[PDB]
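Report on the structure
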Amino acid sequence: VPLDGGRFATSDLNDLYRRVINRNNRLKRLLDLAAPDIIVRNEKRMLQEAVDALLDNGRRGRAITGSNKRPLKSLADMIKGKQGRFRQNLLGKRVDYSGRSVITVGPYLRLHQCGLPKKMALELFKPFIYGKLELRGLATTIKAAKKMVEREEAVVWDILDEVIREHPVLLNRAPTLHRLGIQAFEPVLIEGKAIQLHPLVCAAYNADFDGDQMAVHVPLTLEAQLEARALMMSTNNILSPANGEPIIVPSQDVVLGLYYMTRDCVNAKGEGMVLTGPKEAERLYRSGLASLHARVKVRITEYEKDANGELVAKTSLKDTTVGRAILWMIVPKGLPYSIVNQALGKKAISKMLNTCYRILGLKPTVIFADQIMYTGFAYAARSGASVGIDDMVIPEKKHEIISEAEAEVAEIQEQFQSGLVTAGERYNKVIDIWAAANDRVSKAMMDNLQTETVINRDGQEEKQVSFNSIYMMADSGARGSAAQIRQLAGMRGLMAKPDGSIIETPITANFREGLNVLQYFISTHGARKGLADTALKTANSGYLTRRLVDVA
Amino acid sequence: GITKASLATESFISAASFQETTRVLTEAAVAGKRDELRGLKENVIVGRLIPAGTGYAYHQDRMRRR
Amino acid sequence: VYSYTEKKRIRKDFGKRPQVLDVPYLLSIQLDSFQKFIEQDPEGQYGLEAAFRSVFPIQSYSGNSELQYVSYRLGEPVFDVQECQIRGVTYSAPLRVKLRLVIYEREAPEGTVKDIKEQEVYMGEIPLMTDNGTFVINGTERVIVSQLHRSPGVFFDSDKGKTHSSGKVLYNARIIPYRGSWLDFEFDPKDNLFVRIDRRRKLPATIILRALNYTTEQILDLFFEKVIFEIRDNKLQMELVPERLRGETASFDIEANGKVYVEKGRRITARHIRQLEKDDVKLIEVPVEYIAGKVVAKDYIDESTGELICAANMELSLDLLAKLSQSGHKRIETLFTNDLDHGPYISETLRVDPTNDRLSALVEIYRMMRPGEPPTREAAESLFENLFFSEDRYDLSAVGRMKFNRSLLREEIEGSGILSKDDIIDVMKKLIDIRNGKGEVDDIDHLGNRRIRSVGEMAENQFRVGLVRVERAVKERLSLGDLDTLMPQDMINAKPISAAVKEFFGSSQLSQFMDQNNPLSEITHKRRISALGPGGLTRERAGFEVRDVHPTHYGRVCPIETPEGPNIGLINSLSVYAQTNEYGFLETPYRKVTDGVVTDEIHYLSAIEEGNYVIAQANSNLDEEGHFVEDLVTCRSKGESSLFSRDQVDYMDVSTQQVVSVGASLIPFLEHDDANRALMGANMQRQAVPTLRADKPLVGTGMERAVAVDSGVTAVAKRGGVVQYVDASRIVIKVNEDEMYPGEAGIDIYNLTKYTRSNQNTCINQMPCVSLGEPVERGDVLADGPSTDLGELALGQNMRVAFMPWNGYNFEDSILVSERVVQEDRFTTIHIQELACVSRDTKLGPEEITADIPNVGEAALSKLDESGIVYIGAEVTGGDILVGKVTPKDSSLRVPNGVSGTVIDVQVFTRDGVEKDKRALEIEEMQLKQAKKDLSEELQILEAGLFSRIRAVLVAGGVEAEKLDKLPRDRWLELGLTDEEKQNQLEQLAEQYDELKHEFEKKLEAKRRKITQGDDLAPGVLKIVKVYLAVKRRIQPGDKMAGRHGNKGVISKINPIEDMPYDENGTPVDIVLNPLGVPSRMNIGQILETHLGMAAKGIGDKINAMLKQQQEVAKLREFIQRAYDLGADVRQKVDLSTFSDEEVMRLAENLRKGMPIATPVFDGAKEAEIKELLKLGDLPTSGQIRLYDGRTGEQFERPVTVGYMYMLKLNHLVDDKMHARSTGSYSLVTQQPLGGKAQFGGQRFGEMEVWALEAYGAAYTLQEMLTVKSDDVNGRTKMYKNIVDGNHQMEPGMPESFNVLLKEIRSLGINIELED
RNA sequence: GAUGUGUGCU
DNA sequence: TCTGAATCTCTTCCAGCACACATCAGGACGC
DNA sequence: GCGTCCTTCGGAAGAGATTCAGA
Ligand SMILES: [Mg+2]
């Protein structure tokens, strides 16, 4: 390629062919002049090594270099390896009619809808705009339509809404680990420069909203659009291929909203009153005449399909809350009521969606999933389930547990220094006792944080399941587990080095009270372990899936 | 193993595209092999309907036509 | 006492412990290293002098002429840093050395000399570092990152485990030189010690022993002790050492002096050795069968015939005993070979030894180094002399020699560069000693074995390589030159030195582009410690242990700051108080602790001397006397921590802040965040963009002032004084009379930097922060820079956040931002970017910059002038024309798609030979007028100051004040005054004014030459027009937003003012975050920062309220004193009594925006103090308040957290990342779309992407993504025509990339083809 | 077009 | 002294996408 | 400014070539 100026590109193959032709011509000239046998033998050696370097460079003892002392590539380095033609330009290619932008939430969408920026769709669906502009006669030739599009006239914006109507696109993330990495959505043209994504598929995508880029793709031909509509559509991809569990699981806001709604405590604005259905429960809660955690006896009409596809009616009077009564309004006709009459966590609603799919089908399941989305977001916004520094409560007995563990490890000191156990055995027992102490502190804190609440039912004090915010977002399973919250209050535990070995000394402090200047240095080991484990040992796990997809 | 069984696949293009391209291509050139383009990666490289999903009916028609 | 820059907005501090050592100059490593590299230093100690005396003098191959070095000197730079940045040329200085050539008289190799000729010859041209720690190499600014490489010396690696598949630990000894060849010793599974130099192949070390001219006698005597067998009547009595019999089994009946000591089969316990020492016996009996397991030391020859009986190092049997007994060899010497104490590795290596003598060993070495070449004795001897015994091909540095000697427990620390025989022998002894079991290996992650090669030494190495190349060139030239006519420039070629230096500073792994988008990023980029580059390891062949943190990193390297990705742990960052040793090692300050009193003398302890002592910990309470209030203080003894006593300690940490780097120290409440979310927090604080109106952070740390004054963007006042004239482009100080010089004092002028392009297209802008007639002290800020505020690093804005879910618009990590945020114009950031339109005189004719473009109407040419350049100040929109360039048959530069802006600066560079256009001469005239006006103004200012000093002098010694005005200001020098020293001073000032006029005229003439000169460019371009746009990037949904605690996120919606939740006072909330980002990622410190910011803004709101209705100073002072004394035992101790009732009104005005709170890294606030500060206002103690829904208008049925968290804005803007691609450009070697965003390229449906389509079975769409849409040529156009014809149908051909594969396979000997 | 450095998400 | 088992030695592999910047292309020697 | 030319440093595993031993 002629670069900027008089120089040329330093293409490897050209230099190798130049060297080979040099050796061949010089050898031919020497053979024509009847050179001494040692000279022509040496030149034959030079020709052989030049041809060797041209065919497969680096297989000999030394790989030749042209500039910067860098081993140049031959005819084999571009056929073999990670940068060869097979893996770089054959099994995967750069693709036109594509785009890429940072994604935002826009939770007003549905499972069959995505959000494209208004400017990306004009560059993506440009030939479609050209075709319809030529069809309607608003333009005359291709270049006139090109100029009209580049000038972004008002008519082009009107006709864009026509091509973009029911033409599904391929939303795609950069690491496509599994089958659900590419899902097809219909586009909804919006302003801005961000690709809005429906949060119900963000768990499947593993696409957090912390600055990641997704890639769009436009099915051009008819069959591609029909495949995206019938196969790769996100509506028909609500069951992961890994197992029978659903993959559209609400998470991290909807679970919290549902769990805070479908819960009961013994007091309210109105508690013992009776209602004739979900509608009056909604009327009570909107007006504020009854709390969302009341314990009332509404009259509901749940359906059953004991017949061969016919729903038989029944009406009962069950003792439920106001929140569960409100939630029953969106449940499709046909599921038993004994699915929301509890504290709906994440696994609970996952099982609920699974049984909805198993009983009713696909369309009620997707409609109900969207309704769960809406009624989780609304009552999570109204909840105000915040987090303060007064929510992580330190148990008053963790230091007794660390004292007992310190006494036992001091006993272990005398155990190994005398000779009863050795250094490796001491290391195996010290981790044992530290893990036992960590497991005791975690359980003690969890009990103290889940049961320590006092409330009166209009009389003496009674105990209920706690309303601490951290407990809500650790029990609902929206985002959290025992590990993170356990490290937020009580014992952080013992961390591991990148090689997999565990530190002999667990740091004894929690993030709610603080860390020393030395316990932080010790936790640095685990913090670096996690990152240098991800970035440097996901390679030998992507290799596994590569050579697994290869073999099957 | 999966690597050993993948490197000894009958269609030499798959093994050549996967790993040890020199050691597989040399073996295929020596043996004078003839690929049938039966699997999925072979048709991906060639650029046809892979005999996997919607193109499976077309591949059946093309196979039974001969 | 506090200065005026501090008594303007004093930050409340929560530090418990006091600091006795202030933070040093942060970027003090680069300027110190380069100073050591460039300073004129005698005795050949540092810098260019050392390299010159290590290379020069030179004499030819008995050419009788010597070219000896004298001295070097640097001239002034041709262009200053601003001109170098504008043009694109290096900010360097010519290197002039006054070399001399001397040749002796014939028949006198050491006698008299013939002639000497000397001149300052110009060779090379080396870059200079600016006053802010960076170079200017090609207009862009580079920073040379220091390298953390393995220290030269001897290293005893282990290679434990995974070798030999049996767990047999080997032992390999490495001698890494500073410059030379490696000398790897190692063992073998068969317990043989094999040497291996330069990783060629193994061979026994006895070969190099004989290469050192050591006979097998000498080796066996050296490595082993002796046991004597004496001929007597019979039975061959044994000379016995009592200690030699420690811990083995008696193969026979041990006895001495007749009596039996140890019975047969019984082990020799320590009591037996002790009792044998007590008896004092040495001669014992032994059966002759025990001699079978013995080896003879030296060779034995017969005393009768002179024939060798048994040579050196062979076993002894009964026949050999019989032969030696009859011969008469009375003294028999044998090797003391044990199994665990002294193994016979040397004997085994001699058994496997192929060579026998020095000559054969040298020939074998020559064969190993250069295989296949016919060797002679002289060539082998010269090669082995050159490898390890020559200073011209092998040189351990002084630090290498020091490490070498201290690793072998020697007393001497100095020595020669090359090794010696005793050095190699000692290395062998130490390796064998480690093999036996005494001692242990040394890990290569202990930081006392890893140096820091800074900029100066890296430049030294490259300059030395260039000097070696020139050395070879002049050595070749001086042997074939005609003497008496060669000036000392004809042999010295200036090309190689300059070429090597430019190659290093411009194209290398460690000449990094400066990450300069805000002061923190650049000041921590200069303070980087990269383990990569030449002489170091690579990310691929990097073990997982090197990434891990060593216990010796404490105080020298930040444990919690390293970039994510492939290079993690290899790009370690320097700590705050860490320094560099004279040997290049890392060492950290410590306070020396006496018997019971903590002294204030600071000692810097290296990474090795730390383990010998026991060091106390910074968070240890002291009581006014250097005494520990506790009898048991926590400490660390040897890379591990345990409880200690107050009597055993001898060192204590300077401060808690010394552990973390400068970047990671700016995070408040860092001791509550997990280090996992502290690493990312530090990185995203490094990547912040400066906002429009910079705003101080409320919950600070107190180090922000140090970073702001150190990074160099702030115009720190050199000399204190009074601001005589402030302006948006300059600041003038009338300095105090105490600090004025006798002569040339005058005054000083600070020229500020206006809106100019930065290295990351952000906006650097120095703006004044001082007023007229304001007394400024020494070393205080004068000009607010980018993302600073009154000398305080302000990387973002303080935003009123609320942790609550809001309709899922903050679902996963998103951030919901009010319309009021952009209404207040807070996060809109300036983005200066340049566009260059070169005019290449390519083939078919040169191209013009004319103002008329064919086939384009006047709509796009309205902004253009009649010359071809766009007007300065035009509000250009995307797609418009900036400069009209047309090639001989339309290639004019245009603004890129979807970017607005305003042209603010156009610079035109033309060839010397292409005359001008009218716009170029307009710019030239503007530049001349501006330069003349600037020089005239600055000289007018300094001469006003000079005559002010004159008038101040004249007031003593016969003054008449009235006649000064009526007498013209020209002859103010000879006025009424006697001939005392004041008249001499007046004459000196007259002389300096004359010199000022002379430098005015000469520098104006020089500036005229510098602007009017040609300014040559690259070969093949006529003229260059650079257009500098100015983009104002507003805030919009899609760009990253992140706090200091690593809580990142993307804006999802901009709600109006009314929709966001508001408290009972109606104040809207700016940001509605997500609560669940607190627990799962353990950054709890953000909640505490939110609470402290809420308290700070409450105090600020109370101050604002008390200032709104004007109350007397008493109430404001009382409230502010209550606020500043609220801390339990803080060392702030500020008293408002010393404030003079005027400088406290300014303080109260500056606090109405919110009281700034400091929070040391590991000495931060406690929640009791936070709640007390909350109670000081009228805020709830819980930290949570009550907000009502913005839309619904009803109560939120839970109290929620509301506060002011310092919310940064990252420069990962969405419009810098938004991209789409229709049909467009295509690659050349393969017919595929291009890759990237600058090129109009599409995304990559990679190898992993195709499996996600085969998995669904969607075959047709896959076939479009790799056959008809990208790859093929005919179908690519056919499908486009079908799409714009109404017919959606695809007709696949063959991918062109498969034909490329077929052709590249057929290029080999392989025949691939397609059948029928 | 290729190398070198830095960076984002996994 | 032939022939399996153990060891030595040579080769292959190491995630995906994206963005920004830089250099670089024979550079040495004769004209 | 033109113009033509002759360093080492990973490590986990598999395979193919040697050495050993051993009966
Ligand atoms: Mg992510």
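Residues numbered from 1 in each chain as written, not as in the entry; some residues may be left out. Chains lettered and ligands numbered in written order. Part of a larger assembly, values for the part shown. Heavy atoms only, no water. Residues with missing side-chain atoms left out of burial classes, pairs and counts.

- Going by the header, the method for this PDB entry is cryo-EM, and the resolution given is 3.9 Å.

Structural notes on the packing of aromatic side chains
- Taken as a whole, this structure holds 25 aromatic pairs over all chains when the rule is applied.
- Pairing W328 of chain A with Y337 of chain A gives two aromatic rings, centres 5.0 Å apart and planes at 65°, and the pair type is edge-to-face. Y337 of chain A matches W328 of chain A in its accessibility class, with the two residues each being buried.
- Measuring from ring centre to ring centre gives 5.8 Å for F252 of chain C and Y290 of chain C, while their planes differ by 40°; the resulting arrangement is tilted. Here the residue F252 of chain C occupies a position in the loop between β15 (238-239) and β16 (254-256), and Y290 of chain C occupies one in the loop between β18 (283-284) and β19 (300-301), the gap between them amounting to 38 residues.
- Since its relative accessible area comes to 6%, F252 of chain C is described here as buried.
- Overall, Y290 of chain C belongs to the partly exposed group, its relative accessible area being 31%. (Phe/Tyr/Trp six-rings, centres within 6.5 Å; stacked < 30°, edge-to-face > 60°. Buried < 20%, exposed > 50% of the residue type's maximum accessible area, 1.4 Å probe, protein only. Helix = DSSP H or I, 4+ residues; strand = E, 2+ residues; numbered from the N terminus.)

Looking at the protein's contact with DNA strand F
- In the vicinity of DNA strand F, the contacting residues are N22, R26 and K69 of chain A, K4 of chain B together with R150, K162, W182, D198, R199, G536 and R541 of chain C.
- A share of 53% is what sugar and phosphate atoms reach among the atoms of DNA strand F within 4 Å of the protein.
- Separating a phosphate oxygen of DNA strand F from a side-chain N or O atom of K4 of chain B is a distance of 2.7 Å.
- At 3.3 Å from a base nitrogen of DNA strand F is found a side-chain nitrogen or oxygen belonging to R541 of chain C.
- For the surface near DNA strand F, the residue count by class is one nonpolar, two polar and eight charged. (Near = heavy atom within 4 Å. Polar contact = N/O pair within 3.5 Å; in protein donor to acceptor, adjacent residues only side chain to side chain. Nonpolar A, V, L, I, M, F, W, Y, C, P; charged D, E, K, R; others polar.)

Concerning the sheet that holds strand β37 (residues 775-776) of chain C
All names here are of chain C.
- Sheet architecture is open: four strands sit in the order β33-β32-β31-β37, paired in antiparallel fashion. Looking at the sheet topology across the chains shown, the edges are occupied by β33 (748-751) and β37.
- Bridge analysis of strand β31 (residues 721-726) against β37 gives two bridges, and the strand direction is antiparallel. What sits directly across from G721, in β37, is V776.
- Contacting β31, β32 (730-735) and β33, helix α21 (residues 918-954) runs over the sheet at an angle of about 15° to β32. (Pairing = 2+ DSSP bridges. Contact = heavy atoms within 4.5 Å. Axes fitted to C-alpha atoms, helices over the stretch in contact; angles between N-to-C directions.)

Quick notes on a nonpolar patch on the surface
- Nonpolar side chains collect at one region of the surface, where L544, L548 and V551 of chain A lie side by side and expose about 210 Å² of accessible area between them.
- Judged by its relative accessible area of 39%, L548 of chain A is partly exposed. (Patch = residues over 30% accessible without salt bridge, like charges linked within 9 Å, V, L, I, M, F, W, Y side chains within 5 Å. Areas by Shrake-Rupley, 256 points an atom, 1.4 Å probe, with all protein chains shown as cover. Salt bridge = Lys/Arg side-chain N within 4 Å of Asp/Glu carboxyl O.)

Quick look at the protein's contact with DNA strand E
- Contacts to DNA strand E come from 30 residues, most closely from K82 and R94 of chain A together with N138, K1237 and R1244 of chain C.
- Close to the protein, within 4 Å, the atoms of DNA strand E are drawn from sugar and phosphate at a rate of 73%.
- One of the side-chain nitrogen or oxygen atoms of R18 of chain A is found 3.4 Å away from a base oxygen of DNA strand E.
- Those elements giving two or more residues to the surface near DNA strand E turn out to be α20 (539-551) of chain A together with β7 (140-144) of chain C.
- At three residues, the largest contribution of residues to the surface near DNA strand E is made by α20 of chain A.
- Split by residue class, the surface near DNA strand E holds nine nonpolar, eight polar and 13 charged.

A closer look at the pattern of salt bridges
Residue and element names in this part refer to chain C.
- Taken as a whole and judged by the stated rule, the model has 90 salt bridges over all chains.
- As a salt-bridge pair, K16 and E1169 come within 3.0 Å of each other at their nearest N and O atoms. Of the two residues, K16 and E1169, both sit in the buried class.
- A salt bridge links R377 to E381; the nearest nitrogen and oxygen atoms lie 3.2 Å apart. Of this pair, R377 and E381 both sit in helix α10 (residues 377-388), separated by four residues, roughly a single helical turn.
- What you see here is one network of salt bridges that share partners, running through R9, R11, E704, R705, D789 and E792.

So, the interface of chain B and chain C
- Contacts between the two partners involve 15 residues from chain B, matched on the other side by 16 residues from chain C.
- Buried area between chain B and chain C, summed over both chains or domains, comes out near 1,300 Å², and the portion from carbon and sulfur atoms is 73%.
- Viewed at the interface, chain C and chain B are joined by zero salt bridges.
- At the level of secondary structure, the elements contributing two or more residues to the side of chain B that touches chain C comprise α3 (21-31) and α4 (41-46) of chain B. (Buried area = accessible area lost by both parts, 1.4 Å probe.)

Structural notes on the interface of chain A and chain C
- Contacts between chain A and chain C engage 133 residues on the former and 139 residues on the latter.
- It is helix α19 (residues 519-537) of chain A that contributes the most residues to the side of chain A that touches chain C, 12 residues altogether.
- Looking at side-chain class alone, the side of chain A that touches chain C contains 67 nonpolar, 36 polar and 30 charged residues.
- In the sheet, strand β1 (residues 93-94) of chain A pairs with strand β54 (residues 1244-1245) of chain C via two bridges, with the strands oriented antiparallel. Across the sheet, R94 of chain A pairs through a bridge with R1244 of chain C, a residue of β54 of chain C.

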